[PDB]
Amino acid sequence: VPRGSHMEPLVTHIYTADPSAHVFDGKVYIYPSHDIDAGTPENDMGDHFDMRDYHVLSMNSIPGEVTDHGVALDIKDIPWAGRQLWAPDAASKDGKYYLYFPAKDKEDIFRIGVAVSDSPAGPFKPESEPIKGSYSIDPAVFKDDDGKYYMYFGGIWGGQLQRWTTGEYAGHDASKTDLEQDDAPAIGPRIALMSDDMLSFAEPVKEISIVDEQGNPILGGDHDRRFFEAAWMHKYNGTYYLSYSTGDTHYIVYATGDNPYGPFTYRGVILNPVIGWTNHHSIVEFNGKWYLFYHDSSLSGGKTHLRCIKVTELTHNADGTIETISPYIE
C-alpha cells in the first residue's frame, strides 16, 4: 500500500532509523539503520544501539509503496567490524554503488567502511578493512555538480569524534563527551574528498568550521547550535547546506557556505525535536520537490533505540532560508 502522505511511518514490519535518501535510476533509494530490540545496556555511549545489518528501501513515488530489498549487508560478513552498524549512506559512480557505514572495529574504535554493488538495491560486498584514515560515525557522501565526491562524517559522545584531535585515538578512558572547554570553539564535523575509485580518501581529513551570523566560532557550550552527529550536505541555488543533529538538544539545524569545506554560517532549525532522544535526517530533491527524511520512536511507543523513518516536504525560500518543520503540528 502507498505510504508517506501525512508523516506516517514509511515501514512498520521492521524498525528503521537514520534515513539517507538518494535518487538513483529515477527512484528514491533509502539507506537507513535497521534497529532491533537487542536489550543491550542503555548508556550515554549508545551501547543500546546494537544494530547488525542494513536493508535498502525504495519508493517509485512519494507517497508510494515502499519496497524492502532484504539484507543488503550483514555485520557477520564485514571482516574488520565487531559490533554496531550505525547510520549509513550510499553513492553511485560509473555504474557501481557504494554503501558507506560506521561500525566498531575489534578494538572498539568506530571506523567507516565501504561495501560495493552493481545495483542501488544491493546486496553489497564489504571491503576487508575500513577506509584508511577514517574514524567516528555517520558518513554522508555528497556528489557535487562538478563530479567531485566528498565524505562528511563525525559524531561526539558515543561517536568518539572528541577522541580524534591528534590523528591517533585518545583511548577508552578519554573524554566521553567533547573537548570539555565550553568557551573554546566546538568540535566540527570532518570532510575528505573521495578517491576516484570511491574506496579511500584523496586528501588528509579536514575539520569544518561552523560560525554564527557575526563570524564567531560556535562554542562548545552552545549545545543548541553546535555539531553533535548526523552531518548531511545538499546544494541549492549555488549554496552549500551543512545540516546536522545537535544531539542533547534534539534539533536538526543547518548552516550555509559557498564551497564544500565551509566555513558554514549557522542559519536555523530544520527539524524540531521528535519522539525519542535521537534526531537524524536527509534532504533530497525528487521530481522537483525537496523532501526531509527523518525518524522518530512513535511506532515503538517511545523507545529511543526502536525507530521508524518518516518523510515530509521541505521548503526553501528563494533567499536560501529553509522553513522550520515541527514534526507533530499538521
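For every residue, the number given is its place in the sequence shown, counted from 1.
S.K.: As stated in the PDB record, which stretch has the larger average Cα B-factor, 165-173 or 180-188?
M.R.: It is 165-173 that shows the higher mean C-alpha B-factor.
S.K.: Once you work out the mean C-alpha B-factor for both 291-299 and 63-71 from the entry, which is higher?
M.R.: According to the entry, 63-71 carries the higher average C-alpha B-factor.
S.K.: Among 228, 236, 135, 152, which residue carries the highest C-alpha B-factor recorded in the PDB entry?
M.R.: Highest C-alpha B-factor among the listed residues goes to 236.
S.K.: Pick out which of 10, 322, 23, 306 has the highest C-alpha B-factor in the PDB entry.
M.R.: Checking the PDB record, the top C-alpha B-factor among 10, 322, 23, 306 is at 10.
S.K.: Would the CA B-factor of residue 97 place it in the lowest, middle or highest third of its chain?
M.R.: For residue 97, the deposited C-alpha B-factor lands in the highest third.
S.K.: Ordered by C-alpha B-factor within the chain, which third holds residue 160? Give me lowest, middle or highest, please.
M.R.: Answer is lowest: the recorded C-alpha B-factor places it there.
S.K.: Relative to the other modelled residues in the chain, which third contains the C-alpha temperature factor of residue 45: lowest, middle or highest?
M.R.: It falls in the top third of the chain.
S.K.: C-alpha B factor of residue 281, ranked within the chain: lowest, middle or highest third?
M.R.: Lowest third - that is where residue 281 ends up once the chain's C-alpha B-factors are sorted.
S.K.: Residue 34: which third of its chain by C-alpha temperature factor?
M.R.: Lowest third - that is where residue 34 ends up once the chain's C-alpha B-factors are sorted.
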